[PDB]
$ cat upload-v7.pdb   # PDB, C-alpha atoms and all ligand atoms
ATOM      1  CA  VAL D   1     -13.650   7.322  19.073  1.00  0.00           C
ATOM      2  CA  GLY D   2     -15.675   5.665  16.329  1.00  0.00           C
ATOM      3  CA  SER D   3     -13.336   7.224  13.777  1.00  0.00           C
ATOM      4  CA  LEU D   4     -12.323   5.444  10.571  1.00  0.00           C
ATOM      5  CA  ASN D   5      -9.160   6.279   8.628  1.00  0.00           C
ATOM      6  CA  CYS D   6      -8.332   4.810   5.218  1.00  0.00           C
ATOM      7  CA  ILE D   7      -4.756   4.572   3.945  1.00  0.00           C
ATOM      8  CA  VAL D   8      -3.779   3.019   0.611  1.00  0.00           C
ATOM      9  CA  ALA D   9      -1.436   3.677  -2.310  1.00  0.00           C
ATOM     10  CA  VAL D  10      -2.273   3.772  -6.018  1.00  0.00           C
ATOM     11  CA  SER D  11      -0.313   4.075  -9.264  1.00  0.00           C
ATOM     12  CA  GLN D  12      -0.728   6.891 -11.788  1.00  0.00           C
ATOM     13  CA  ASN D  13      -2.739   4.402 -13.856  1.00  0.00           C
ATOM     14  CA  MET D  14      -5.231   3.887 -11.022  1.00  0.00           C
ATOM     15  CA  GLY D  15      -3.483   0.666 -10.052  1.00  0.00           C
ATOM     16  CA  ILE D  16      -3.206  -0.919  -6.613  1.00  0.00           C
ATOM     17  CA  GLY D  17      -1.308  -4.151  -7.176  1.00  0.00           C
ATOM     18  CA  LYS D  18      -0.917  -7.332  -9.209  1.00  0.00           C
ATOM     19  CA  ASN D  19      -1.250 -10.866  -7.843  1.00  0.00           C
ATOM     20  CA  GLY D  20      -1.466  -9.379  -4.361  1.00  0.00           C
ATOM     21  CA  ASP D  21       1.701  -7.330  -4.825  1.00  0.00           C
ATOM     22  CA  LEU D  22       2.386  -3.608  -5.220  1.00  0.00           C
ATOM     23  CA  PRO D  23       3.134  -2.372  -8.784  1.00  0.00           C
ATOM     24  CA  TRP D  24       6.422  -0.884  -7.584  1.00  0.00           C
ATOM     25  CA  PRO D  25       9.191  -2.793  -5.724  1.00  0.00           C
ATOM     26  CA  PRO D  26       9.522  -2.594  -1.902  1.00  0.00           C
ATOM     27  CA  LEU D  27       9.854   1.068  -0.926  1.00  0.00           C
ATOM     28  CA  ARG D  28      11.838   1.707   2.256  1.00  0.00           C
ATOM     29  CA  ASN D  29      10.316   5.187   2.472  1.00  0.00           C
ATOM     30  CA  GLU D  30       6.760   4.050   1.733  1.00  0.00           C
ATOM     31  CA  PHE D  31       7.080   1.181   4.210  1.00  0.00           C
ATOM     32  CA  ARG D  32       8.608   3.265   7.002  1.00  0.00           C
ATOM     33  CA  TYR D  33       6.270   6.188   6.324  1.00  0.00           C
ATOM     34  CA  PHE D  34       3.226   3.917   6.532  1.00  0.00           C
ATOM     35  CA  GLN D  35       4.344   2.355   9.815  1.00  0.00           C
ATOM     36  CA  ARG D  36       5.597   5.603  11.348  1.00  0.00           C
ATOM     37  CA  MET D  37       2.448   7.379  10.169  1.00  0.00           C
ATOM     38  CA  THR D  38       0.048   4.884  11.745  1.00  0.00           C
ATOM     39  CA  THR D  39       2.272   4.526  14.809  1.00  0.00           C
ATOM     40  CA  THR D  40       1.973   8.284  15.320  1.00  0.00           C
ATOM     41  CA  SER D  41      -1.051   8.251  17.626  1.00  0.00           C
ATOM     42  CA  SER D  42      -2.792  11.508  18.536  1.00  0.00           C
ATOM     43  CA  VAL D  43      -3.957  10.262  21.936  1.00  0.00           C
ATOM     44  CA  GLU D  44      -1.534   8.871  24.518  1.00  0.00           C
ATOM     45  CA  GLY D  45      -2.406   5.730  26.454  1.00  0.00           C
ATOM     46  CA  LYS D  46      -4.430   4.216  23.614  1.00  0.00           C
ATOM     47  CA  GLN D  47      -3.863   1.681  20.835  1.00  0.00           C
ATOM     48  CA  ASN D  48      -4.790   1.773  17.147  1.00  0.00           C
ATOM     49  CA  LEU D  49      -6.934  -0.914  15.519  1.00  0.00           C
ATOM     50  CA  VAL D  50      -6.087  -1.787  11.915  1.00  0.00           C
ATOM     51  CA  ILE D  51      -7.982  -4.084   9.550  1.00  0.00           C
ATOM     52  CA  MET D  52      -6.496  -6.073   6.669  1.00  0.00           C
ATOM     53  CA  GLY D  53      -7.943  -8.460   4.106  1.00  0.00           C
ATOM     54  CA  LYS D  54      -7.086 -12.121   3.576  1.00  0.00           C
ATOM     55  CA  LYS D  55      -4.882 -11.266   0.597  1.00  0.00           C
ATOM     56  CA  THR D  56      -3.117  -8.461   2.465  1.00  0.00           C
ATOM     57  CA  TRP D  57      -2.462 -10.686   5.483  1.00  0.00           C
ATOM     58  CA  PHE D  58      -1.044 -13.590   3.478  1.00  0.00           C
ATOM     59  CA  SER D  59       0.908 -10.972   1.517  1.00  0.00           C
ATOM     60  CA  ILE D  60       2.615  -9.593   4.625  1.00  0.00           C
ATOM     61  CA  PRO D  61       5.795 -11.516   5.622  1.00  0.00           C
ATOM     62  CA  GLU D  62       5.848 -13.295   8.983  1.00  0.00           C
ATOM     63  CA  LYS D  63       9.072 -11.411   9.734  1.00  0.00           C
ATOM     64  CA  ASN D  64       6.878  -8.384  10.440  1.00  0.00           C
ATOM     65  CA  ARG D  65       3.801 -10.240  11.690  1.00  0.00           C
ATOM     66  CA  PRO D  66       2.498  -9.769  14.215  1.00  0.00           C
ATOM     67  CA  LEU D  67       2.926  -6.041  13.592  1.00  0.00           C
ATOM     68  CA  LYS D  68       3.877  -4.604  16.983  1.00  0.00           C
ATOM     69  CA  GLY D  69       2.653  -1.162  17.996  1.00  0.00           C
ATOM     70  CA  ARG D  70      -0.841  -1.776  16.641  1.00  0.00           C
ATOM     71  CA  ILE D  71      -3.492  -4.504  16.692  1.00  0.00           C
ATOM     72  CA  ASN D  72      -3.829  -6.456  13.445  1.00  0.00           C
ATOM     73  CA  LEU D  73      -7.334  -7.521  12.422  1.00  0.00           C
ATOM     74  CA  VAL D  74      -8.118  -9.906   9.565  1.00  0.00           C
ATOM     75  CA  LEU D  75     -11.447 -10.033   7.730  1.00  0.00           C
ATOM     76  CA  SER D  76     -12.506 -13.550   6.740  1.00  0.00           C
ATOM     77  CA  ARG D  77     -15.976 -14.910   5.986  1.00  0.00           C
ATOM     78  CA  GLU D  78     -14.909 -18.469   5.156  1.00  0.00           C
ATOM     79  CA  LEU D  79     -12.557 -18.930   8.111  1.00  0.00           C
ATOM     80  CA  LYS D  80     -14.114 -19.795  11.471  1.00  0.00           C
ATOM     81  CA  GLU D  81     -11.134 -18.986  13.692  1.00  0.00           C
ATOM     82  CA  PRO D  82      -8.591 -16.121  13.376  1.00  0.00           C
ATOM     83  CA  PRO D  83      -5.378 -16.882  11.408  1.00  0.00           C
ATOM     84  CA  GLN D  84      -2.065 -17.587  13.138  1.00  0.00           C
ATOM     85  CA  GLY D  85      -0.371 -14.321  14.054  1.00  0.00           C
ATOM     86  CA  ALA D  86      -3.554 -12.258  13.855  1.00  0.00           C
ATOM     87  CA  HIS D  87      -4.992 -10.479  16.895  1.00  0.00           C
ATOM     88  CA  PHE D  88      -8.681 -10.780  16.016  1.00  0.00           C
ATOM     89  CA  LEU D  89     -10.961 -11.970  13.214  1.00  0.00           C
ATOM     90  CA  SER D  90     -14.207 -10.553  11.829  1.00  0.00           C
ATOM     91  CA  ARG D  91     -16.832 -12.102   9.552  1.00  0.00           C
ATOM     92  CA  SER D  92     -17.861  -8.818   7.931  1.00  0.00           C
ATOM     93  CA  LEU D  93     -16.856  -5.151   7.985  1.00  0.00           C
ATOM     94  CA  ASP D  94     -19.936  -4.186   9.998  1.00  0.00           C
ATOM     95  CA  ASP D  95     -19.032  -6.862  12.546  1.00  0.00           C
ATOM     96  CA  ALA D  96     -15.454  -5.657  13.006  1.00  0.00           C
ATOM     97  CA  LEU D  97     -16.557  -2.018  13.052  1.00  0.00           C
ATOM     98  CA  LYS D  98     -19.435  -2.704  15.443  1.00  0.00           C
ATOM     99  CA  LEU D  99     -17.175  -4.580  17.859  1.00  0.00           C
ATOM    100  CA  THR D 100     -14.514  -1.862  17.841  1.00  0.00           C
ATOM    101  CA  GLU D 101     -17.292   0.708  18.263  1.00  0.00           C
ATOM    102  CA  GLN D 102     -18.791  -1.095  21.262  1.00  0.00           C
ATOM    103  CA  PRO D 103     -17.867   0.296  24.726  1.00  0.00           C
ATOM    104  CA  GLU D 104     -16.313  -3.090  25.502  1.00  0.00           C
ATOM    105  CA  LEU D 105     -13.583  -2.427  22.938  1.00  0.00           C
ATOM    106  CA  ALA D 106     -13.977   1.354  22.720  1.00  0.00           C
ATOM    107  CA  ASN D 107     -12.118   1.484  26.039  1.00  0.00           C
ATOM    108  CA  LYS D 108      -9.067  -0.165  24.473  1.00  0.00           C
ATOM    109  CA  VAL D 109      -9.529   1.138  20.929  1.00  0.00           C
ATOM    110  CA  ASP D 110     -10.028   4.750  19.842  1.00  0.00           C
ATOM    111  CA  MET D 111      -9.341   5.067  16.114  1.00  0.00           C
ATOM    112  CA  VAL D 112      -9.338   2.553  13.259  1.00  0.00           C
ATOM    113  CA  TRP D 113      -7.046   2.342  10.232  1.00  0.00           C
ATOM    114  CA  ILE D 114      -7.887   0.516   7.003  1.00  0.00           C
ATOM    115  CA  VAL D 115      -4.850  -1.115   5.396  1.00  0.00           C
ATOM    116  CA  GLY D 116      -6.631  -2.668   2.429  1.00  0.00           C
ATOM    117  CA  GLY D 117      -7.710  -4.344   0.450  1.00  0.00           C
ATOM    118  CA  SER D 118     -10.061  -3.015  -2.217  1.00  0.00           C
ATOM    119  CA  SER D 119     -12.853  -5.227  -0.882  1.00  0.00           C
ATOM    120  CA  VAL D 120     -12.678  -3.545   2.521  1.00  0.00           C
ATOM    121  CA  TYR D 121     -12.591  -0.113   0.887  1.00  0.00           C
ATOM    122  CA  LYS D 122     -15.629  -0.919  -1.255  1.00  0.00           C
ATOM    123  CA  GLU D 123     -17.709  -1.865   1.786  1.00  0.00           C
ATOM    124  CA  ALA D 124     -16.483   1.125   3.793  1.00  0.00           C
ATOM    125  CA  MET D 125     -16.909   3.386   0.761  1.00  0.00           C
ATOM    126  CA  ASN D 126     -20.652   3.114   1.410  1.00  0.00           C
ATOM    127  CA  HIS D 127     -20.271   4.631   4.883  1.00  0.00           C
ATOM    128  CA  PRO D 128     -22.662   7.554   5.614  1.00  0.00           C
ATOM    129  CA  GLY D 129     -20.679   8.939   8.534  1.00  0.00           C
ATOM    130  CA  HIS D 130     -17.492  10.975   8.212  1.00  0.00           C
ATOM    131  CA  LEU D 131     -14.451   9.001   7.061  1.00  0.00           C
ATOM    132  CA  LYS D 132     -10.891   9.828   6.004  1.00  0.00           C
ATOM    133  CA  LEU D 133      -9.185   8.357   2.938  1.00  0.00           C
ATOM    134  CA  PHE D 134      -5.468   8.622   2.178  1.00  0.00           C
ATOM    135  CA  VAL D 135      -4.599   7.966  -1.466  1.00  0.00           C
ATOM    136  CA  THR D 136      -0.965   7.900  -2.588  1.00  0.00           C
ATOM    137  CA  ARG D 137      -0.431   8.668  -6.275  1.00  0.00           C
ATOM    138  CA  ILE D 138       2.671   7.030  -7.745  1.00  0.00           C
ATOM    139  CA  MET D 139       4.092   9.046 -10.640  1.00  0.00           C
ATOM    140  CA  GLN D 140       5.127   6.010 -12.684  1.00  0.00           C
ATOM    141  CA  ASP D 141       3.626   3.550 -15.167  1.00  0.00           C
ATOM    142  CA  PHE D 142       3.302   0.008 -13.818  1.00  0.00           C
ATOM    143  CA  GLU D 143       1.344  -3.174 -14.533  1.00  0.00           C
ATOM    144  CA  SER D 144      -1.719  -3.855 -12.383  1.00  0.00           C
ATOM    145  CA  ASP D 145      -4.609  -6.326 -12.288  1.00  0.00           C
ATOM    146  CA  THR D 146      -6.976  -4.600  -9.863  1.00  0.00           C
ATOM    147  CA  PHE D 147      -8.271  -1.078 -10.492  1.00  0.00           C
ATOM    148  CA  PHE D 148      -9.219   1.450  -7.813  1.00  0.00           C
ATOM    149  CA  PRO D 149     -12.741   2.994  -7.812  1.00  0.00           C
ATOM    150  CA  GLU D 150     -13.017   6.668  -8.755  1.00  0.00           C
ATOM    151  CA  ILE D 151     -13.612   8.843  -5.693  1.00  0.00           C
ATOM    152  CA  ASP D 152     -16.379  11.442  -5.925  1.00  0.00           C
ATOM    153  CA  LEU D 153     -14.868  14.909  -5.523  1.00  0.00           C
ATOM    154  CA  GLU D 154     -18.330  16.302  -4.775  1.00  0.00           C
ATOM    155  CA  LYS D 155     -18.443  14.186  -1.615  1.00  0.00           C
ATOM    156  CA  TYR D 156     -14.703  13.846  -1.004  1.00  0.00           C
ATOM    157  CA  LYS D 157     -12.391  16.816  -0.446  1.00  0.00           C
ATOM    158  CA  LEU D 158      -8.954  16.883  -2.073  1.00  0.00           C
ATOM    159  CA  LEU D 159      -6.345  17.604   0.601  1.00  0.00           C
ATOM    160  CA  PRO D 160      -2.955  18.118  -1.134  1.00  0.00           C
ATOM    161  CA  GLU D 161      -1.406  19.466   2.068  1.00  0.00           C
ATOM    162  CA  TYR D 162      -2.616  18.222   5.454  1.00  0.00           C
ATOM    163  CA  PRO D 163      -0.955  18.517   8.909  1.00  0.00           C
ATOM    164  CA  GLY D 164       1.126  15.474   9.796  1.00  0.00           C
ATOM    165  CA  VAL D 165       1.368  14.283   6.199  1.00  0.00           C
ATOM    166  CA  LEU D 166       4.096  15.379   3.785  1.00  0.00           C
ATOM    167  CA  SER D 167       3.159  17.207   0.584  1.00  0.00           C
ATOM    168  CA  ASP D 168       6.538  17.125  -1.163  1.00  0.00           C
ATOM    169  CA  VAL D 169       7.043  14.370  -3.736  1.00  0.00           C
ATOM    170  CA  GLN D 170       9.333  11.589  -2.515  1.00  0.00           C
ATOM    171  CA  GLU D 171      11.710   9.498  -4.623  1.00  0.00           C
ATOM    172  CA  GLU D 172      13.019   5.982  -3.998  1.00  0.00           C
ATOM    173  CA  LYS D 173      14.846   3.661  -6.397  1.00  0.00           C
ATOM    174  CA  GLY D 174      13.991   6.089  -9.181  1.00  0.00           C
ATOM    175  CA  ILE D 175      10.300   6.027  -8.274  1.00  0.00           C
ATOM    176  CA  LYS D 176       8.493   9.310  -7.625  1.00  0.00           C
ATOM    177  CA  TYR D 177       5.234   9.420  -5.665  1.00  0.00           C
ATOM    178  CA  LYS D 178       3.082  11.888  -3.729  1.00  0.00           C
ATOM    179  CA  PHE D 179       0.789  11.473  -0.723  1.00  0.00           C
ATOM    180  CA  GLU D 180      -2.789  12.670  -1.213  1.00  0.00           C
ATOM    181  CA  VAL D 181      -5.442  13.099   1.478  1.00  0.00           C
ATOM    182  CA  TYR D 182      -9.191  12.747   0.943  1.00  0.00           C
ATOM    183  CA  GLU D 183     -11.961  13.686   3.376  1.00  0.00           C
ATOM    184  CA  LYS D 184     -15.621  12.683   3.123  1.00  0.00           C
ATOM    185  CA  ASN D 185     -18.228  15.184   4.312  1.00  0.00           C
ATOM    186  CA  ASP D 186     -21.123  13.945   6.446  1.00  0.00           C
TER
HETATM  187  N1  LIG I   1      -0.835   0.311  -3.483  1.00  0.00           N
HETATM  188  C1  LIG I   1      -1.071  -0.166  -2.235  1.00  0.00           C
HETATM  189  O1  LIG I   1      -0.711   0.431  -1.119  1.00  0.00           O
HETATM  190  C2  LIG I   1      -1.744  -1.353  -1.794  1.00  0.00           C
HETATM  191  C3  LIG I   1      -2.179  -2.020  -2.814  1.00  0.00           C
HETATM  192  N2  LIG I   1      -2.850  -3.164  -2.791  1.00  0.00           N
HETATM  193  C4  LIG I   1      -3.375  -3.968  -3.894  1.00  0.00           C
HETATM  194  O2  LIG I   1      -4.784  -4.048  -3.752  1.00  0.00           O
HETATM  195  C5  LIG I   1      -5.181  -5.437  -3.594  1.00  0.00           C
HETATM  196  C6  LIG I   1      -6.353  -5.519  -2.645  1.00  0.00           C
HETATM  197  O3  LIG I   1      -6.814  -6.879  -2.541  1.00  0.00           O
HETATM  198  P1  LIG I   1      -8.299  -7.206  -2.070  1.00  0.00           P
HETATM  199  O4  LIG I   1      -9.278  -6.307  -2.713  1.00  0.00           O
HETATM  200  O5  LIG I   1      -8.378  -7.364  -0.604  1.00  0.00           O
HETATM  201  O6  LIG I   1      -8.433  -8.697  -2.760  1.00  0.00           O
HETATM  202  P2  LIG I   1      -9.648  -9.796  -2.951  1.00  0.00           P
HETATM  203  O7  LIG I   1     -10.921  -9.062  -3.088  1.00  0.00           O
HETATM  204  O8  LIG I   1      -9.272 -10.719  -4.040  1.00  0.00           O
HETATM  205  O9  LIG I   1      -9.531 -10.499  -1.526  1.00  0.00           O
HETATM  206  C7  LIG I   1      -9.847  -9.780  -0.319  1.00  0.00           C
HETATM  207  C8  LIG I   1     -10.304 -10.739   0.754  1.00  0.00           C
HETATM  208  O10 LIG I   1     -10.534 -10.010   1.988  1.00  0.00           O
HETATM  209  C9  LIG I   1     -11.635 -10.577   2.680  1.00  0.00           C
HETATM  210  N3  LIG I   1     -12.672  -9.553   2.804  1.00  0.00           N
HETATM  211  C10 LIG I   1     -12.731  -8.334   2.176  1.00  0.00           C
HETATM  212  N4  LIG I   1     -13.790  -7.628   2.489  1.00  0.00           N
HETATM  213  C11 LIG I   1     -14.476  -8.436   3.384  1.00  0.00           C
HETATM  214  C12 LIG I   1     -15.685  -8.263   4.086  1.00  0.00           C
HETATM  215  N5  LIG I   1     -16.445  -7.170   3.991  1.00  0.00           N
HETATM  216  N6  LIG I   1     -16.089  -9.264   4.902  1.00  0.00           N
HETATM  217  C13 LIG I   1     -15.325 -10.361   4.998  1.00  0.00           C
HETATM  218  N7  LIG I   1     -14.172 -10.641   4.389  1.00  0.00           N
HETATM  219  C14 LIG I   1     -13.798  -9.626   3.588  1.00  0.00           C
HETATM  220  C15 LIG I   1     -12.087 -11.807   1.889  1.00  0.00           C
HETATM  221  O11 LIG I   1     -11.477 -12.972   2.405  1.00  0.00           O
HETATM  222  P3  LIG I   1     -12.145 -14.494   2.569  1.00  0.00           P
HETATM  223  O12 LIG I   1     -11.733 -15.055   1.151  1.00  0.00           O
HETATM  224  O13 LIG I   1     -11.226 -15.084   3.637  1.00  0.00           O
HETATM  225  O14 LIG I   1     -13.632 -14.143   2.564  1.00  0.00           O
HETATM  226  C16 LIG I   1     -11.620 -11.450   0.484  1.00  0.00           C
HETATM  227  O15 LIG I   1     -11.416 -12.621  -0.314  1.00  0.00           O
HETATM  228  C17 LIG I   1      -3.914  -6.142  -3.138  1.00  0.00           C
HETATM  229  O16 LIG I   1      -3.949  -7.531  -3.486  1.00  0.00           O
HETATM  230  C18 LIG I   1      -2.835  -5.401  -3.917  1.00  0.00           C
HETATM  231  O17 LIG I   1      -2.690  -5.855  -5.264  1.00  0.00           O
HETATM  232  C19 LIG I   1      -3.189  -3.838  -1.446  1.00  0.00           C
HETATM  233  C20 LIG I   1      -2.739  -3.154  -0.328  1.00  0.00           C
HETATM  234  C21 LIG I   1      -2.014  -1.914  -0.426  1.00  0.00           C
HETATM  235  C1  LIG I   2       2.425  -2.697   6.570  1.00  0.00           C
HETATM  236  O1  LIG I   2       3.043  -3.519   5.610  1.00  0.00           O
HETATM  237  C2  LIG I   2       2.460  -3.644   4.351  1.00  0.00           C
HETATM  238  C3  LIG I   2       1.277  -2.961   4.039  1.00  0.00           C
HETATM  239  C4  LIG I   2       0.707  -3.095   2.775  1.00  0.00           C
HETATM  240  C5  LIG I   2      -0.564  -2.360   2.442  1.00  0.00           C
HETATM  241  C6  LIG I   2      -0.329  -0.932   2.018  1.00  0.00           C
HETATM  242  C7  LIG I   2       0.895  -0.552   1.477  1.00  0.00           C
HETATM  243  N1  LIG I   2       1.104   0.755   1.092  1.00  0.00           N
HETATM  244  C8  LIG I   2       0.102   1.690   1.241  1.00  0.00           C
HETATM  245  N2  LIG I   2       0.316   2.992   0.856  1.00  0.00           N
HETATM  246  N3  LIG I   2      -1.113   1.320   1.776  1.00  0.00           N
HETATM  247  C9  LIG I   2      -1.335   0.016   2.165  1.00  0.00           C
HETATM  248  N4  LIG I   2      -2.554  -0.341   2.696  1.00  0.00           N
HETATM  249  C10 LIG I   2       1.311  -3.908   1.818  1.00  0.00           C
HETATM  250  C11 LIG I   2       2.494  -4.592   2.126  1.00  0.00           C
HETATM  251  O2  LIG I   2       3.110  -5.408   1.179  1.00  0.00           O
HETATM  252  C12 LIG I   2       2.527  -5.539  -0.093  1.00  0.00           C
HETATM  253  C13 LIG I   2       3.064  -4.457   3.392  1.00  0.00           C
HETATM  254  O3  LIG I   2       4.229  -5.130   3.696  1.00  0.00           O
HETATM  255  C14 LIG I   2       4.194  -6.065   4.737  1.00  0.00           C
END
$ encode --input "upload-v7.pdb" --output "structure tokens" --more "lines below"
Ligand SMILES: NC(=O)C1=CN([C@@H]2O[C@H](COP(=O)(O)OP(=O)(O)OC[C@H]3O[C@@H](n4cnc5c(N)ncnc54)[C@H](OP(=O)(O)O)[C@@H]3O)[C@@H](O)[C@H]2O)C=CC1
Ligand SMILES: COc1cc(Cc2c[nH+]c(N)nc2N)cc(OC)c1OC
Amino acid sequence: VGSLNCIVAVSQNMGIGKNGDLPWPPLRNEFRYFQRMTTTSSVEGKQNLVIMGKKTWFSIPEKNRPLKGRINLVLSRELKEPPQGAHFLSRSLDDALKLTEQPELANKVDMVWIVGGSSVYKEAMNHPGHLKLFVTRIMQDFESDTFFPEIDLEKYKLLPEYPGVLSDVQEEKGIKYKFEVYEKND
């Protein structure tokens, strides 16, 4: 309860994506791993609440939306009503987090998962409480427009091998990448 988990991928050049798209082509392993990973709930009888940005939402194909298995939440400050296909909408991060933290929703929601974008990470990056951050390093040079902020090792712990997550380097379509785990101390 009241737990926040961050999960995002980044290129070896500290890249996240260009024009709202990942530097590397669609990865069947990265896509399945992400879904299967989030789908893997620790507590039975509960649902996971994920939050995505406007860019991320519009970037996700309708073929997958709404994403079954988990509740999709979009963060929009300009929009008044939630977008078609979305489960809920929040004006700000504090609003979405506060609502999910409230007993009213706490009964239905237990843990939260951040699925981008950088804007959401930036706001959450200033969280005082304990928070988890999953960074995937892609061993390959690719073009990117947005850069990811450097994580403080003094505050964040480098977890190369964590239970549930694979440590071995995967390879798809000639693209090698590794999953890294980061934990922030309170
Ligand atoms: N390697 C990877 O796994 C992944 C990589 N990426 C890359 O990273 C990029 C991340 O894009 P992103 O940083 O979101 O792009 P932008 O900052 O350009 O847009 C994000 C939008 O999200 C909404 N938003 C974000 N934070 C808040 C907040 N606190 N309150 C209200 N609304 C908020 C806003 O929408 P409104 O305009 O409606 O206010 C904002 O315009 C992707 O485009 C992609 O290139 C993205 C996902 C995964
Ligand atoms: C869950 O589906 C998608 C999720 C994401 C975001 C995303 C991708 N990969 C990783 N490692 N973290 C993320 N937050 C980007 C996508 O396309 C760019 C998706 O396809 C719909």
$ residues_around --input "upload-v7.pdb" --residues "segment 119-122 of chain D" --least-positions-apart "2" --cutoff "8 Å" --atoms "only C-alpha atoms" --output "VMD selection string"
chain D and resid 6 52 to 53 93 114 116 to 117 124 to 126
$ closest_atom_pairs --input "upload-v7.pdb" --of "chain D" --to "ligand LIG 1 (chain I)" --cutoff "7 Å" --atoms "only C-alpha atoms and all ligand atoms" --output "CSV"
residue,atom,partner,partner_atom,distance
D:8,CA,I:LIG1,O1,4.4
D:9,CA,I:LIG1,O1,3.5
D:10,CA,I:LIG1,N1,4.5
D:11,CA,I:LIG1,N1,6.9
D:16,CA,I:LIG1,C3,4.1
D:17,CA,I:LIG1,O17,2.9
D:18,CA,I:LIG1,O17,4.6
D:19,CA,I:LIG1,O17,5.8
D:20,CA,I:LIG1,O16,3.2
D:21,CA,I:LIG1,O17,4.7
D:22,CA,I:LIG1,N1,5.4
D:53,CA,I:LIG1,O10,3.7
D:54,CA,I:LIG1,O10,4.3
D:55,CA,I:LIG1,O9,5.2
D:56,CA,I:LIG1,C20,6.0
D:75,CA,I:LIG1,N7,4.4
D:76,CA,I:LIG1,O13,3.7
D:77,CA,I:LIG1,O14,4.2
D:78,CA,I:LIG1,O14,5.2
D:79,CA,I:LIG1,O13,6.0
D:90,CA,I:LIG1,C13,6.9
D:91,CA,I:LIG1,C13,5.1
D:92,CA,I:LIG1,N6,3.5
D:93,CA,I:LIG1,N5,4.5
D:115,CA,I:LIG1,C20,6.4
D:116,CA,I:LIG1,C20,4.8
D:117,CA,I:LIG1,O5,3.3
D:118,CA,I:LIG1,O4,3.4
D:119,CA,I:LIG1,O4,4.2
D:120,CA,I:LIG1,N4,4.2
D:123,CA,I:LIG1,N5,5.9
D:146,CA,I:LIG1,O17,6.4
$ write_last_selection --input "upload-v7.pdb" --atoms "C-alpha atoms" --output "mmCIF file, in the frame of the given file"
data_model
loop_
_atom_site.group_PDB
_atom_site.id
_atom_site.type_symbol
_atom_site.label_atom_id
_atom_site.label_comp_id
_atom_site.auth_asym_id
_atom_site.auth_seq_id
_atom_site.Cartn_x
_atom_site.Cartn_y
_atom_site.Cartn_z
ATOM 1 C CA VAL D 8 -3.779 3.019 0.611
ATOM 2 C CA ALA D 9 -1.436 3.677 -2.310
ATOM 3 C CA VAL D 10 -2.273 3.772 -6.018
ATOM 4 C CA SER D 11 -0.313 4.075 -9.264
ATOM 5 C CA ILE D 16 -3.206 -0.919 -6.613
ATOM 6 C CA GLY D 17 -1.308 -4.151 -7.176
ATOM 7 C CA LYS D 18 -0.917 -7.332 -9.209
ATOM 8 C CA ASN D 19 -1.250 -10.866 -7.843
ATOM 9 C CA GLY D 20 -1.466 -9.379 -4.361
ATOM 10 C CA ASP D 21 1.701 -7.330 -4.825
ATOM 11 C CA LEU D 22 2.386 -3.608 -5.220
ATOM 12 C CA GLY D 53 -7.943 -8.460 4.106
ATOM 13 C CA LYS D 54 -7.086 -12.121 3.576
ATOM 14 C CA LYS D 55 -4.882 -11.266 0.597
ATOM 15 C CA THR D 56 -3.117 -8.461 2.465
ATOM 16 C CA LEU D 75 -11.447 -10.033 7.730
ATOM 17 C CA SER D 76 -12.506 -13.550 6.740
ATOM 18 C CA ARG D 77 -15.976 -14.910 5.986
ATOM 19 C CA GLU D 78 -14.909 -18.469 5.156
ATOM 20 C CA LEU D 79 -12.557 -18.930 8.111
ATOM 21 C CA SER D 90 -14.207 -10.553 11.829
ATOM 22 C CA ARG D 91 -16.832 -12.102 9.552
ATOM 23 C CA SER D 92 -17.861 -8.818 7.931
ATOM 24 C CA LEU D 93 -16.856 -5.151 7.985
ATOM 25 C CA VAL D 115 -4.850 -1.115 5.396
ATOM 26 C CA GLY D 116 -6.631 -2.668 2.429
ATOM 27 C CA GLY D 117 -7.710 -4.344 0.450
ATOM 28 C CA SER D 118 -10.061 -3.015 -2.217
ATOM 29 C CA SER D 119 -12.853 -5.227 -0.882
ATOM 30 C CA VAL D 120 -12.678 -3.545 2.521
ATOM 31 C CA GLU D 123 -17.709 -1.865 1.786
ATOM 32 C CA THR D 146 -6.976 -4.600 -9.863
#
$ closest_residue --input "upload-v7.pdb" --among "D:112, D:27, D:86, D:153" --to "residue 170 of chain D" --atoms "all atoms listed in the file"
D:27
$ residues_around --input "upload-v7.pdb" --residues "residue 72 of chain D" --least-positions-apart "2" --cutoff "8 Å" --atoms "only C-alpha atoms" --output "list in words"
residues 49, 50, 51, 52, 66, 67, 70, 74, 86, 87 and 88 of chain D
$ resolve_selection --input "upload-v7.pdb" --expression "the PyMOL selection byres (((chain D and resi 107) around 12) and not hetatm)" --output "list in words"
residues 1, 2, 45, 46, 47, 48, 49, 99, 100, 101, 102, 103, 104, 105, 106, 108, 109, 110 and 111 of chain D
$ closest_residue --input "upload-v7.pdb" --among "D:147, D:182, D:57, D:31" --to "residue 162 of chain D" --atoms "all atoms listed in the file"
D:182
$ resolve_selection --input "upload-v7.pdb" --expression "the PyMOL selection byres (((chain D and resi 167) around 12) and not hetatm)" --output "PyMOL selection string"
chain D and resi 136-137+159-166+168-170+177-181
$ atom_distance --input "upload-v7.pdb" --atom1 "atom CA of residue 82 of chain D" --atom2 "atom CA of residue 62 of chain D"
15.4 Å
$ closest_residue --input "upload-v7.pdb" --among "D:69, D:23, D:61, D:85" --to "ligand LIG 2 (chain I)" --atoms "only C-alpha atoms and all ligand atoms"
D:61
$ axis_aligned_box --input "upload-v7.pdb" --around "ligand LIG 2 (chain I)" --padding-each-side "6 Å" --output "AutoDock Vina command-line options"
--center_x 0.8 --center_y -1.5 --center_z 3.2 --size_x 18.8 --size_y 21.1 --size_z 18.7
$ atom_distance --input "upload-v7.pdb" --atom1 "atom CA of residue 113 of chain D" --atom2 "atom CA of residue 38 of chain D"
7.7 Å
$ atom_distance --input "upload-v7.pdb" --atom1 "atom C9 of ligand LIG 2 (chain I)" --atom2 "atom CA of residue 156 of chain D"
19.5 Å
